[PDB]
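The structure under discussion appears below in the form of structure tokens.
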Ligand SMILES: O=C1CC(=O)N([C@@H]2O[C@H](COP(=O)(O)O)[C@@H](O)[C@H]2O)C(=O)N1
Ligand SMILES: O=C1CC(=O)N([C@@H]2O[C@H](COP(=O)(O)O)[C@@H](O)[C@H]2O)C(=O)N1
């Protein structure tokens with residue numbers, strides 16, 4: 001599994017290249033894995049991936065929540081990996097064929113798929129939560145090895161870990177700003193994702209070091 | 001939204017030159033283009049402004065928005081900044097995520113389209129069973145624009161029943177995926193075509209043919 005420094009992933013959702021670069025640079029000693037999503041990509045272009053690779057020693061996870069038909073999913077994955085992303089995050093709710101399309105491209109191109117099972121926000125309870133266990137089981141059956149699950153619902157995160165087993169890799173957002181607890185989340189997740197708690201801090205480095213101190217025994 | 005010939009081009013070519021040429025080749029038949037991630041991630045968000053400059057077409061950003069509210073807001077803002085007239089949002093992540101998009105759309109003078117059931121076989125696993133409830137959520141939220149599947153006319157009909165005749169409904173899955181143009185226009189206001197047009201030896205002839213087949217509609 002990818003070796004994530006300090007079990008910590010930065011969600012770089014600043015939409016300004018100068019700010020995104022500054023903040024990422026400031027926490028570089030603490031984090032070697034960066035999640036880049038559409039807020040930054042749609043503001044600055046896919047070449048932002050190339051710039052992050054050039055400037056930092058960081059793994060890139062493209063958080064594109066891929067959620068289209070198989071044919072379109074294939075194209076999205078090809079463009080994303082072509083740009084230098086190490087991995088891509090894909091939604092499970094559109095079904096097995098849509099996931100398989102992403103897995104197939106990742107296999108061909110030598111990269112990885114993360115499967116988003118349940119989400120961390122209140123709205124996730126309406127439809128996703130009820131499908132989440134089955135989405136995860138589908139992931140296992142498809143041979144998915146990397147997963148995303150919600151820090152805001154520890155009981156649900158625990159269940160997801162059970163389904164996918166101890167060998168699978170699990171990362172979890174919703175820590176800090178959304179109210180999830182780093183320590184409790186790391187009971188089940190391999191790595192935790194932080195956005196606003198770090199990138200909106202007056203001193204992002206101090207924020208990162210503080211989080212690290214809080215989980216040092218883990 | 002007045003869509004010329006009830007026809008929307010899904011421009012999912014991933015090369016700027018090809019995308020521009022092919023769109024130019026069918027410009028006389030359309031005035032509404034759906035641009036998605038295949039083109040955007042290959043050529044950048046500036047392509048949207050370029051389409052407006054070349055064609056004056058309206059642009060629907062098909063981004064299947066499916067994040068938490070905070071991120072959805074950012075995605076819509078960046079998308080509308082690029083000149084998109086509308087954005088497509090998934091309903092499956094729930095009401096708060098859709099509302100985030102509605103907010104930005106209102107602020108910038110744009111429209112949200114709610115995707116309720118999808119056209120591909122995998123849609124049967126999870127989406128289909130939630131689709132009616134997603135449509136009603138749209139109604140509750142005041143959504144006026146919807147997307148539903150050409151590949152399942154009975155499902156598309158049900159979606160039309162839920163949203164009412166006043167709502168605007170567009171439908172992909174026509175041609176390549178098996179949907180029929182005429183049958184689909186029984187329920188949808190406009191039909192979406194990607195491959196049947198943009199992979200056609202002669203895209204203009206492909207569009208002309210489609211129009212011929214629905215001319216009475
Ligand atoms: O269940 C989900 C999945 C997701 O990727 N994320 C995202 O993970 C990040 C959370 O950031 P923050 O720490 O709440 O600022 C953002 O990039 C989100 O889009 C989420 O918050 N919940
Ligand atoms: O349920 C869905 C929604 C969607 O937007 N679309 C898309 O609409 C287009 C269909 O293109 P095509 O006509 O099958 O080549 C693509 O851009 C797809 O991503 C889909 O085919 N089914």
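Don't overthink the numbers, they just go from 1 along the chain as shown.
Backbone N, Cα and C define each Cβ position, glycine as well.
Quick look at what Swiss-Prot annotates:
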BINDING   B:12, B:34, B:62-71, B:119, B:172-182, B:194-195  substrate binding site
ACT_SITE  B:64  active site, proton donor
Distance-selected binding-site residues near ligand 2 (C-beta under 6 Å), from B:64, B:68, B:119, B:179, B:194: B:119, B:194
Number of other Cβ atoms within 10 Å of the Cβ of residue B:119 (substrate binding site) across all protein chains: 23
Proximity to chain A among binding-site residues B:119, B:175, B:179, where any Cβ pair is under 8 Å: B:119
Fewest-neighbour residue among binding-site residues, criterion Cβ within 10 Å, set B:64, B:175, B:194: B:175
Cβ under 6 Å from ligand 1: qualifying binding-site residues of B:64, B:68, B:175, B:194: B:68
Residues near residue B:12 (substrate binding site) in space but at least six apart in sequence (CB under 8 A): B:36, B:38, B:39, B:194, B:195, B:198
Chain-internal residues near residue B:179 (substrate binding site), provided their CB is under 8 angstroms and they sit 6+ positions away: B:119, B:149, B:150, B:151, B:153, B:171, B:173, B:191
